[PDB]
Amino acid sequence: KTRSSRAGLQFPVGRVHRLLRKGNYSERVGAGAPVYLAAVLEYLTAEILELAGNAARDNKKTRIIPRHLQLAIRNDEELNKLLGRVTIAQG
Amino acid sequence: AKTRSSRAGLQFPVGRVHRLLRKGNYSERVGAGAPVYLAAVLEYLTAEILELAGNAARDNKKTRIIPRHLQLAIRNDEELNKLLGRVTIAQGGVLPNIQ
Amino acid sequence: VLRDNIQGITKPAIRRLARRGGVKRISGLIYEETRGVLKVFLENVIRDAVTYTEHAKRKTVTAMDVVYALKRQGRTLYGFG
Amino acid sequence: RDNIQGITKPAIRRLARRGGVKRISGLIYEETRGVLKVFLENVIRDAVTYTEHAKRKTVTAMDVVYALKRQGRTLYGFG
Amino acid sequence: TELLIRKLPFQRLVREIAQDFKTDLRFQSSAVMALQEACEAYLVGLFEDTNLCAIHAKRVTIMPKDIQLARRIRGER
Amino acid sequence: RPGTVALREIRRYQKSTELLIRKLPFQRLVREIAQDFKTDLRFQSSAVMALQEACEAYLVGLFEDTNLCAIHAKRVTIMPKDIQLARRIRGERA
Amino acid sequence: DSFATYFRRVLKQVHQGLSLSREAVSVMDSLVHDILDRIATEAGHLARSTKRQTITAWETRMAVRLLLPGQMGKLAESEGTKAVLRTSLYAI
Amino acid sequence: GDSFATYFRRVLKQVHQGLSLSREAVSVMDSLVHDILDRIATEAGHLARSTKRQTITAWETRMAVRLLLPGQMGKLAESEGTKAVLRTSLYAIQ
DNA sequence: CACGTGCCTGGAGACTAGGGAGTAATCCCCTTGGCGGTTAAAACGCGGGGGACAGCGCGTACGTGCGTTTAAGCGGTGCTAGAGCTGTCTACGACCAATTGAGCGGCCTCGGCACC
DNA sequence: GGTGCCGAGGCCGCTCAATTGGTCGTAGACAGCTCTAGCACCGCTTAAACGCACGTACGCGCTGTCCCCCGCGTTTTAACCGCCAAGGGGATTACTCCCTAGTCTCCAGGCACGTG
């Protein structure tokens, strides 16, 4: 029934569409834009959480902490390029 | 008199600035005072920049303002330089510093 | 009235920050320069923060204004909104 | 010829002199060509995607201006 | 990881600076914490660039000229 | 005489505002580097001019910044270490 | 308005023996919102540049290629493309 | 179609009547005014969206000017804007 | 933090209806390609002199450590400023239809300048 | 100091965008109320800053060298300018049709709570 189940994703296509409408980035928003944005956010979040989980396993902690997120972001060179001007609280 | 530029005593066109604000799609609705304020601000900015560029042209014994004088006006002044630091002006050159 | 509180950034605090940064030895004149640099950056951020608060006709500088001011300065901030 | 040699030695010496330098070492030119080529890559790879989005087979000055604006080095004389 | 500036002196510094821009202001603790984290990150980055500059000059002690050079190169002035 | 000429060259080129890269080699270079991303492309002469007048400005800014860190090290000669340090500090790359 | 549940869902499917802390959820949420905002602003800028007032799949595929460089811009494109393509298959 | 050439010439004649504006300088200042207008407008849009307000009034575009033009020039520009808004408001003499 | 449980507002499906733009054909601007002259710039070679670098010694200021001071952090305790929410009214800004003159382009004048 | 060209400047026609007038729905100003969260104060104490002695790692000045850039004259090259062909794609217009805003139900999944 839901568009997320249609696209085989987990991020909410409806929520991404609502955020796109509320942000007022253009007068009309296409139908495929929320699906594509949800897919890209899926891939990015999956990669970031994979790296953070690798860091947590290295630090032998079962929980993920903003320090682990900072290590994950600043260890991978490409994600470092994307988020180089970012400072994370308690990191 | 008529219009809004002459009503506020602004050389810059209030209506054109209003149209630009509408076309840029920066918010759903644009208030009445926003184009007037923005036209006044831009008129003052261009007055300062043009006065500085004209002074640079006079110091160069030149009667025509080219982009080089604009870059001299932007960089020599200590404030416009802060506002337009990351801006490259075509055929603008650089100030003579020789370290 | 609060006066001469720039000295609240103690010499050991700047030393700890420098050691975290990666330095090994610090000259004696680094502390005053660092206090000046911190004061300049703090003024730049706080002016935009209080501008944001004035815009909303608020009297308390909300963290959602400081994060916006920092985002404006080019140094974003995650963890507060 | 890699065609990067079009940015020849005197064409870097003149540009550095406009920079303000007084003496240039012999190994500066290779690093300078590398810097120039990576900057050109970073700008062209955006000024080409802009045309590809506009479904155009040519690169115009407006696309290059937008690409330069993305990297943070705005250009004013064009568009 | 851990805050390196003491909380109370930094809060008093922030209040003293902000009293110039708008008197009788108020700060909520989240804002002061955000400012502290941002300033610590900024100073750590600045000292990273300062150590780079010091190593560049065949030196191991960071000196005021190193901080000045790092700030001039980074753009801020 | 080892100096002097460089000083006059600096004074002349800083006062001038022309383009210091030969037009045709830069045009060929930009075409070659662009042909990788999308084959059979055409460039407006204004686009090539915009790219040239952006690359020249960036290079001259980088050379001023590397001159700062060359004189800072009690030198007058710029070396690839200076360029690498300037690019590292500016945040462009390593 | 948060992605906390979706963050936990995506974590549990990649690292079974892991959990996300509240601060981690907050920073992840802010990061995802900022990335979405950046992509949306680039898409809207592209749409205005082309004199069109719709953000379609084209204006987002050609915006992630501007934000994310070739490391994943040639891969997150591939992951994104299957998503819009799969919707067409389910409809028929 | 959309430019500011005549107004630039008018302002220059008002300030430095003896001088004249070149075509390249007209283009540079046209782009400069467009860029400054875009920056102020987008900052006022951010300010409007921050307080859950969908209108961009004079208050928003004054706070944006103060926030984006720090220093003496910002205070002068705000004074000029308030003077212009007041002059418009005095046409409420009806 | 995971596994029931209740629940409720946002997401989804069906319909309307309306215009954004996708497609096609056409005019033609201009960007690619080529050729020829000519000539300014670049590549090469060489001598020479400044300066990059390494080494050595002096003195000097800094990290370490110890005793001293101090004020930050904790934990209440109390007071109230105002952030935030709700209800209600109205000034305002989007919108349309009619009117008109301000700025743009064509065209004729004329000084600024790059040149010798 | 003398000169030709070319880009800017002023006058007129006009049209298209700005202005004027009226309407209406709602976004927002505005008043009132609440509670929460920020401010000011109390004392303990103990981590942390601070003051001093000190030896030593290290900055900095002097010196020597040898070398690697600089300047300059020469030859080669290829860039710059003028000119022609051309056709490939940029930009418009006509049309429609198909995508999307808006609205009405209808329902579930994801938010919050409880639990061992």
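Use the structure listed above.
**Some details on the overall build of chain C**
A tally of regular secondary structure across chain C gives three helices and three strands. Listing the helices and strands of chain C from first to last along the sequence gives α-β-α-β-α-β. Counting only C-alpha atoms, chain C reaches 45 × 35 × 15 Å along its principal axes. When each of the 81 residues of chain C is scored for burial, the buried share is 51%. Once local pairs closer than 6 in sequence are excluded, the contacts in chain C between residues at least 24 apart make up 34%. Put simply, chain C shows about 3,600 Å² of open surface, and 50% of that area lies on carbon and sulfur atoms. For chain C, the separation between the mean place of its 17 positive charges and that of its 7 negative charges on side chains is 8 Å.

**A few points about the packing of aromatic side chains**
By the definition in use, this model includes 14 aromatic pairs over all chains. Geometrically, the ring pair formed by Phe-41 of chain C and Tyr-42 of chain E is stacked, given 4.5 Å between the ring centres and 20 degrees between the ring planes. Taken together, the positions of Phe-41 of chain C in helix α2 (residues 30–55) and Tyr-42 of chain E in helix α2 (residues 29–56) put the pair across two chains. Look at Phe-41 of chain C and you get buried, because its relative accessible area is 8%. Look at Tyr-42 of chain E and you get buried, because its relative accessible area is 5%. What links up through ring pairs into an aromatic cluster is the set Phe-11 of chain A together with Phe-3, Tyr-6 and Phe-7 of chain G. The ring of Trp-58 of chain G carries the charged tip of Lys-55 of chain D above its face, separated from the ring centre by 5.5 Å. In this structure, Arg-12 of chain F packs its charged tip against the face of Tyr-13 of chain F, placed 4.9 Å from the ring centre.

**Comments concerning the protein's contact with DNA strand J**
In the vicinity of DNA strand J, 57 residues are found, and the nearest of them are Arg-21 of chain A, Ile-24 of chain D, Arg-15 of chain E, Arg-9 of chain G together with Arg-23 of chain H. Within 4 Å of the protein, atoms of DNA strand J come from sugar and phosphate in 100% of cases. Between DNA strand J and the protein, one listed contact pairs a phosphate oxygen with a backbone N or O atom of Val-60 of chain E at 3.0 Å. Of the residues belonging to the surface near DNA strand J, the class tally is 14 nonpolar, 15 polar and 28 charged.

**Topic: the interface of chain B and chain H**
Residue-level contacts link 52 residues of chain B with 55 residues of chain H. Broken down residue by residue, the surface that chain B buries against chain H is led by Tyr-26, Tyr-37 and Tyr-44 of chain B, which jointly contribute 15%. With a closest N to O distance of 2.4 Å, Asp-2 of chain H and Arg-19 of chain B form a salt bridge. At the boundary of chain B with chain H, the tally comes to 15 residue pairs in polar contact.

**Considering the environment of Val-5 of chain F**
Residue and element names in this part refer to chain F. Residue position: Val-5 is located in helix α1 (residues 5–15). Given a relative accessible area of 42%, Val-5 falls into the partly exposed group. Taking the C-alpha atoms as reference points, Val-5 and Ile-33, separated by 28 residues in sequence, lie 35 Å from one another.

**Describing the interface of chain C and chain E**
Taken residue by residue, the interface counts 48 residues in chain C and 46 residues in chain E. For the pairing of chain C and chain E, the buried interface totals around 4,500 Å² over both sides, and the portion due to carbon and sulfur atoms is 73%. At the junction of chain C and chain E, the tally comes to one salt bridge. Ionic pairing is found between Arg-75 of chain C and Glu-76 of chain E, a salt bridge with its closest N-O pair at 4.0 Å. Between chain C and chain E we count nine residue pairs in polar contact in total. Counting only elements with at least two residues in the side of chain C that touches chain E, the list comes to α1 (11–21), β1 (25–26), α2, β2 (60–61) and α3 (63–73) of chain C. No other element matches α2 of chain C, which puts 15 residues into the side of chain C that touches chain E.

**What to know about the protein's contact with DNA strand I**
Looking at DNA strand I, there are 56 residues lining it, with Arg-6, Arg-18 and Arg-63 of chain A, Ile-26 of chain C together with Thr-8 of chain D nearest. Counting only atoms of DNA strand I within 4 Å of the protein, the fraction found in sugar and phosphate groups is 100%. In this structure, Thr-60 of chain C approaches DNA strand I through a main-chain N or O atom, which is 3.3 Å from a phosphate oxygen. One nitrogen or oxygen atom from the side chain of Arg-42 of chain F is found 3.4 Å from a sugar or linking oxygen belonging to DNA strand I. By residue class, the composition of the surface near DNA strand I is eleven nonpolar, 15 polar and 30 charged.

**Brief notes about helix α2 (residues 28–53) of chain D**
All names here are of chain D. Taking 1.5 Å per residue, 26 residues should reach 38 Å; α2 reaches 38 Å between its end C-alpha atoms and fits that length. The buried count for α2 comes to 19 of 26 residues, which makes it a mostly enclosed element. One or two steps after α2, the chain reaches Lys-55, where phi turns positive at roughly 55 degrees.

**Some details on the side chain of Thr-49 of chain D**
Along the chain, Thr-49 of chain D falls in helix α2. Relative accessible area serves as the criterion here: at 5%, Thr-49 of chain D is assigned to the buried category. Polar contacts involving the side chain of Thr-49 of chain D include one to the main-chain carbonyl oxygen of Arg-45 of chain D, which spans 3.2 Å. Setting aside residues up to four positions removed in sequence, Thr-49 of chain D forms contacts with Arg-65 and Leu-66 of chain G.

**Some remarks on the state of the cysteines**
If you walk through the whole model with that rule in mind, you get zero disulfides over all chains. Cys-69 of chain F takes part in no disulfide bond, and the closest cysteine sulfur, belonging to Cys-53 of chain E, lies 7.3 Å away. A residue is classified by how much of its surface remains accessible, and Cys-69 of chain F, at 0% relative accessible area, is buried.

**Some remarks on the pattern of salt bridges**
Across all of its chains, the model carries 31 salt bridges over all chains by this definition. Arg-75 of chain F serves as the salt-bridge partner of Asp-82 of chain F, at 2.8 Å between the closest nitrogen and oxygen. When the shortest N-O distance is used, the salt bridge between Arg-65 of chain G and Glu-77 of chain G registers 3.0 Å. Remark: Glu-77 of chain G occurs in helix α5 (residues 76–91) and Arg-65 of chain G occurs in helix α3 (residues 57–67); sequence separation between them is twelve residues.

**Some details on the arrangement of the chains**
Between chain B and chain C there is no contact; the minimum C-alpha to C-alpha separation amounts to 13 Å. The least C-alpha distance between chain F and chain G, which are not in contact, is 11 Å.

**Considering helix α2 (residues 23–34) of chain F**
Taking 1.5 Å per residue, twelve residues should reach 16 Å; α2 of chain F reaches 16 Å between its end C-alpha atoms and fits that length. Regarding α2 of chain F, the residues found buried are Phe-26, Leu-29, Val-30, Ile-33 and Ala-34 of chain F. Here the buried residues of α2 of chain F occupy an arc of 125 degrees about the axis, which is enough to place them on one side. Each element contacted by the buried residues of α2 of chain F is listed here: α2 of chain D together with β1 (42–43) and α3 (45–71) of chain F.

**Side note on the environment of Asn-3 of chain D**
Its location among the elements puts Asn-3 of chain D in the segment before α1 (10–19). When the C-alpha positions of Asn-3 of chain D and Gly-77 of chain D are compared, they lie 28 Å apart, and in sequence the two are 74 residues distant. Within the structure, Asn-3 of chain D has its side chain in polar contact with the backbone nitrogen of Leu-29 of chain F (distance 3.3 Å).

**Considerations on the environment of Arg-18 of chain A**
All names here are of chain A. Position of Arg-18 relative to the elements: it lies in helix α2 (residues 13–23). Exposure remark for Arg-18: the relative accessible area of 47% places this residue in the partly exposed category. Along the chain, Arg-18 and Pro-34 lie 16 residues apart, while their C-alpha atoms are 8.7 Å from each other.

**Brief notes about the packing of helix α4 (residues 66–75) of chain A against helix α2 (residues 22–49) of chain G**
Any two packed helices are characterised by how steeply their axes cross, that is the angle between the axes, and by the distance between the axes. Two numbers describe how α4 of chain A lies on α2 of chain G: the axes approach to 8 Å, and their chain directions differ by 40 degrees. When the axis of α4 of chain A is compared with that of α2 of chain G, the two are oblique. Contacts between α4 of chain A and α2 of chain G pair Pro-66, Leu-69 and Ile-73 of chain A from the former with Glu-23, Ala-24, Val-27, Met-28 and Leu-31 of chain G from the latter. Tallied by class, residues from the contact of α4 of chain A with α2 of chain G come to seven nonpolar, no polar and one charged.

Cut-offs applied
Residues numbered from 1 in each chain as written, not as in the entry; some residues may be left out. Chains lettered and ligands numbered in written order. Heavy atoms only, no water. Helix = DSSP H or I, 4+ residues; strand = E, 2+ residues; numbered from the N terminus. Buried < 20%, exposed > 50% of the residue type's maximum accessible area, 1.4 Å probe, protein only. Contact = heavy atoms within 4.5 Å. Areas by Shrake-Rupley, 256 points an atom, 1.4 Å probe, with all protein chains shown as cover. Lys, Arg positive; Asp, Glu negative; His and termini not counted. Charge placed at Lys NZ, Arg CZ, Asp CG, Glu CD. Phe/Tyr/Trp six-rings, centres within 6.5 Å; stacked < 30°, edge-to-face > 60°. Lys NZ or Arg CZ within 6 Å of the ring centre and 35° of its normal. Near = heavy atom within 4 Å. Polar contact = N/O pair within 3.5 Å; in protein donor to acceptor, adjacent residues only side chain to side chain. Nonpolar A, V, L, I, M, F, W, Y, C, P; charged D, E, K, R; others polar. Buried area = accessible area lost by both parts, 1.4 Å probe. Salt bridge = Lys/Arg side-chain N within 4 Å of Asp/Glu carboxyl O. Expected span 1.5 Å × (residues − 1). Disulfide = S-S within 2.5 Å. Arc of directions from axis to C-beta. Axes fitted to C-alpha atoms, helices over the stretch in contact; angles between N-to-C directions. Parallel < 35°, antiparallel > 145°, perpendicular 65-115°, else oblique.

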